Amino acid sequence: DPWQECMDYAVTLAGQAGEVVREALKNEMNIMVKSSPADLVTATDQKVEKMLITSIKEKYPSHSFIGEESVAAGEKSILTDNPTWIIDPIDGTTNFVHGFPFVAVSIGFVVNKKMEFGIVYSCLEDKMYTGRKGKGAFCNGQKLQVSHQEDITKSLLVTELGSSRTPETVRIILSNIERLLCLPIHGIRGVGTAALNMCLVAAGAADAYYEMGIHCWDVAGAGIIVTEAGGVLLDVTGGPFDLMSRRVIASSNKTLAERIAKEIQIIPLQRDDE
């Protein structure tokens, strides 16, 4: 089972990356700015990504890579049918900078443009989330299952305010939150990382997650965990989920997903493939 060997190797690697992250948390940081004042990167993000990609590439030199900080350093963000590793070295950089205890290493493996396996390591909780097509979803060995609430007025939803600080954009995000909150729903949550918000849905701790402004690396590892736990992915348009589209609804079921799509106003964004 070649993909299982890939996965086993990558789980070990994610563990090693999380040790690096924990040690760095206790040292002084170099906090740099990317696309907005709220879009942060540290030297640890960059170091961990280099560690991960150079290791995996050395072992699997014919595979392809899409990494967040690699793309920031000029690599192209193209998804082909070739086995592709989609890496977020630190999902929740802002959390890392503050010691907010939801910081993930995320690794997605994609073949024929379909998610095959995903690894999301919650570094500060020591929780290893895994999933693989046809194999189940787990947290530290415990099988994961989504909840089953088809009534949005009894749902607990998850989302984030995003790194944008452009007033028009922030206004639509908050207007989407206002619309949903007043349907009414039970509440909105978030822990400040897309991967771990999705893992909370996978585990049955909330009913659905949505966000616009994410990238393929934020969601590729957690997407298969959600679906192997029994959930569904959709685009915010109602159509099929598209990994390169910057948009996601990750839901325990289709009824909830389709309803959320109906209430959300779409923001404009640069696709990861343009």
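Note that residue numbering begins at 1 and tracks the sequence as displayed.
Higher mean CA B-factor, judged across 76 to 84 and 133 to 141 from the recorded values: 76 to 84.
Of the two segments, 265 to 273 and 1 to 9, the one listed with the higher mean B-factor is 265 to 273 (C-alpha atoms only).
The maximum CA B-factor among the listed residues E116, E125, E160, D91, taken from the PDB record, is found at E125. The residue among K154, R189, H98, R165 whose C-alpha carries the highest B-factor in the deposited model is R165. Placement of the Cα temperature factor of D235 within the chain: highest third of the modelled residues, per the deposited record. When the CA B factors of the chain's modelled residues are split into thirds, the value for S251 lands in the lowest one. In the PDB entry, a CA B factor belonging to the middle third of its chain's modelled residues is recorded for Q46. Ranked by Cα temperature factor within the chain, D242 sits in the highest third according to the deposited record. For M212, the recorded CA temperature factor ranks within the middle third of the chain's modelled residues.
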